[PDB]
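Coordinate inspection notes
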Amino acid sequence: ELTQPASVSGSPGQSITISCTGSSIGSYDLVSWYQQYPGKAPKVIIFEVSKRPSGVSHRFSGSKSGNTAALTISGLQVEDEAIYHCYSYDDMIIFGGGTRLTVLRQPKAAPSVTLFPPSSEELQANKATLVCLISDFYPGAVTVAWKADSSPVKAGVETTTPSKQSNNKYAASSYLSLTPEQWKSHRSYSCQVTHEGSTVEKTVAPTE
Amino acid sequence: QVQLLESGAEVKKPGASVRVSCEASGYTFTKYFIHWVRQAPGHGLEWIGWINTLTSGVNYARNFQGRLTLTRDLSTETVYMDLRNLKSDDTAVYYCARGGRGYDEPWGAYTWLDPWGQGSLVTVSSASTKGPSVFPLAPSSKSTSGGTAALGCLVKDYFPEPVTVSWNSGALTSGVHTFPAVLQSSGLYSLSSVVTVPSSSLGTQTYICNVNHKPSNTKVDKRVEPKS
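Residues numbered from 1 in each chain as written, not as in the entry; some residues may be left out. Chains lettered and ligands numbered in written order. Heavy atoms only, no water. Residues with missing side-chain atoms left out of burial classes, pairs and counts.

**A few points about the overall build of chain A**
- The helix and strand tally for chain A stands at 3 helices and 18 strands.
- Along the first, second and third principal axes, the C-alpha atoms of chain A reach 60 × 40 × 25 Å.
- Each of the 208 residues in chain A was classed as buried or not, and the buried ones make up 49%.
- Working note: accessible area of chain A is about 9,300 Å², and carbon and sulfur atoms make up 47% of it.
- In chain A, the 17 positive side-chain charges and the 17 negative ones have mean positions that sit 7 Å from each other. (Helix = DSSP H or I, 4+ residues; strand = E, 2+ residues; numbered from the N terminus. Buried < 20%, exposed > 50% of the residue type's maximum accessible area, 1.4 Å probe, protein only. Areas by Shrake-Rupley, 256 points an atom, 1.4 Å probe, with all protein chains shown as cover. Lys, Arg positive; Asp, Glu negative; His and termini not counted. Charge placed at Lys NZ, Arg CZ, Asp CG, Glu CD.)

Laid out in structure tokens, this is it:
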């Protein structure tokens with residue numbers, strides 16, 4: 001119902017805009033924006049399209065055009081790093097997916113990906129788990145896609161949220177649970193990690 | 001000053017029910033709605049219902065009429081959320097939030113939601129305490145620096161956290177990366193622990209991951225052999 005981007009990136013001092021689009025945006029003038037730091041509760045920073053609560057930095061500002069609302073952060077500062085949710089109403093309170101905004105504090109770094117096939121022990125036990133370990137990527141925002149041969153695979157995928165390493169890059173894991181037949185039946189399986197417009201793909205075949 | 005305070009985290013079996021409280025303070029309890037919004041990990045916030053703290057009138061989301069019950073206690077200024085017939089997809093952080101403006105406007109609950117309680121984590125898992133299955137991750141030099149190989153252990157299906165992993169009884173520490181666990185839809189955790197070691201030692205040095213799951217009193221020393 002409400003569509004907003006998963007992750008956004010911007011350097012300090014510059015400006016950027018997060019877009020939220022939905023049929024409910026044009027209907028009412030209730031679209032709002034909520035800021036959420038990790039481990040804490042969301043907080044309103046823009047409501048009724050463009051109104052700003054007292055105590056909120058004046059750098060935040062909102063607007064809408066047609067069925068697309070927009071939150072604009074001018075003079076980006078480090079404490080703006082957070083999740084920003086859009087809020088509207090369509091026969092009930094409804095929210096977007098949330099946008100992870102990262103204030104770049106180091107160079108964008110692509111992930112290292114390590115892909116393990118199922119253990120022969122696990123296979124002989126009538127189970128199969130492909131393990132895709134992702135590390136050393138900044139910012140902490142990736143999308144993982146599993147492919148059987150070339151066909152995408154959505155069923156059986158379990159992926160963690162990124163976690164901050166000691167070098168302040170991020171790590172994450174994705175697991176593809178598989179039937180032994182499914183594993184032996186295909187030429188290969190691939191773990192595709194997209195990150196900041198770049199992609200890293202590792203592939204394993206049952207004949208290895 | 002204006003504060004909403006929720007109860008602690010909960011762990012429930014499927015089919016059970018859970019009661020989360022929300023203690024208000026610093027404002028006229030009966031002038032503002034109390035909404036309830038949950039946040040499943042890696043998902044968008046979802047509204048489930050509000051209660052008029054003055055009249056006790058309620059309004060739930062379509063997916064919750066029948067299994068949800070919101071009540072209010074005027075004397076303790078507390079709202080309670082009762083969710084029945086818990087499924088595994090009910091796992092989420094549950095927030096309460098004050099409804100902006102009040103019971104005077106038609107959209108007097110949908111103006112702004114502020115403040116929010118700190119949230120209460122509810123975890124629906126069919127699993128009582130359970131020890132892990134540990135499988136070997138055979139060495140692979142494909143995505144490691146030159147001359148080294150990555151090997152590890154897959155700690156599959158355990159509950160609850162935590163799990164600790166060492167290698168060779170702690171003698172091997174450099175190159176160890178224990179990744180945070182994933183909470184699967186089954187309600188069970190799984191994690192991996194890998195270690196980058198010299199590729200020449202594979203045929204000489206023994207590599208054992210020492211997994212310790214104290215909740216289930218389970219310990220596993222899994223030797224990781226190379227696949228010749």
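**Quick notes on the interface of chain B and chain A**
- Chain B puts 44 residues into the contact, and the matching count from chain A is 43 residues.
- If you look at where chain B meets chain A, you find 2 salt bridges.
- In this structure, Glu121 of chain A engages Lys222 of chain B in a salt bridge whose closest nitrogen and oxygen atoms are separated by 2.6 Å.
- Summed over the shared surface of chain B and chain A, the number is 10 residue pairs in polar contact.
- Listed by contribution, the elements that provide at least two residues to the side of chain B that touches chain A are β4 (34-39), β5 (46-51), β10 (113-116), β12 (133-140), β13 (148-158), β16 (182-183) and β17 (189-198) of chain B.
- When residues in the side of chain B that touches chain A are grouped by element, the largest group, 5 residues, is from β12 of chain B. (Contact = heavy atoms within 4.5 Å. Salt bridge = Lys/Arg side-chain N within 4 Å of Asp/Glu carboxyl O. Polar contact = N/O pair within 3.5 Å; in protein donor to acceptor, adjacent residues only side chain to side chain.)

**Let's talk about the pairing of strand β10 (residues 112-116) of chain A**
All names here are of chain A.
- Counting buried positions over the 5 residues of β10 gives 4, a clear majority of the element.
- Inspection of the sheet shows β10 paired to strand β11 (residues 128-137) by 5 bridges, in the antiparallel sense. Bridge pairing in β11 places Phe116 opposite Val131. (Pairing = 2+ DSSP bridges.)

**Focus on the sheet that holds strand β8 (residues 78-83) of chain B**
Residue and element names in this part refer to chain B.
- Taken in spatial order, the 4 strands of this open sheet run β1-β3-β8-β7, and their pairing is antiparallel. The sheet is open, and its two edges are formed by β1 (3-6) and β7 (68-73), each paired on a single side. Each strand of the sheet is rotated relative to its neighbour by a mean of 20 degrees, with strand direction disregarded.
- Where β7 and β8 come together, 6 bridges link them in antiparallel fashion. Note that in β8 the partner of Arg72 across the bridge is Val79. (Axes fitted to C-alpha atoms, helices over the stretch in contact; angles between N-to-C directions.)

**With respect to the packing of aromatic side chains**
- Under the defined criterion, the tally for this structure stands at 16 aromatic pairs over all chains.
- With a centroid separation of 4.5 Å and 40 degrees between ring planes, the pair formed by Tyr89 of chain A and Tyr110 of chain B is classed as tilted. With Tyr89 of chain A in strand β7 (residues 82-89) and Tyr110 of chain B in the loop between β9 (92-99) and β10, the pair connects residues from two separate chains.
- Between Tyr95 of chain B and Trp116 of chain B, the aromatic rings sit 5.7 Å apart at their centres with planes inclined by 75 degrees, giving edge-to-face as the arrangement. In this pair, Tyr95 of chain B is assigned in strand β9 and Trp116 of chain B in strand β10, connecting sequence segments 21 residues apart. Neither residue differs from the other here; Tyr95 of chain B and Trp116 of chain B are each classed as buried.
- Among the aromatic residues, those joined into a ring-pair cluster are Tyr34, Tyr87 and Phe95 of chain A together with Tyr95 and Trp116 of chain B.
- Sitting above the plane of the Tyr80 of chain B ring, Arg19 of chain B keeps its charged end 4.3 Å from the centroid.
- Across from the ring centre of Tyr32 of chain B, 4.2 Å away, lies the NZ or CZ of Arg98 of chain B, which sits over that ring. (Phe/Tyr/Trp six-rings, centres within 6.5 Å; stacked < 30°, edge-to-face > 60°. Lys NZ or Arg CZ within 6 Å of the ring centre and 35° of its normal.)

**Examining the environment of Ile48 of chain B**
Residue and element names in this part refer to chain B.
- Relative to the elements of secondary structure, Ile48 occurs in strand β5.
- On the accessibility criterion, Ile48 (0% relative accessible area) is buried.
- In this structure the C-alpha to C-alpha distance between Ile48 and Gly170, which are 122 residues apart in sequence, comes to 48 Å.
- In this view, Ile48 contacts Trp36, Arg38, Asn59, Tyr60, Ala61, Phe64, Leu68 and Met81; residues no more than four positions away in its chain are not counted.

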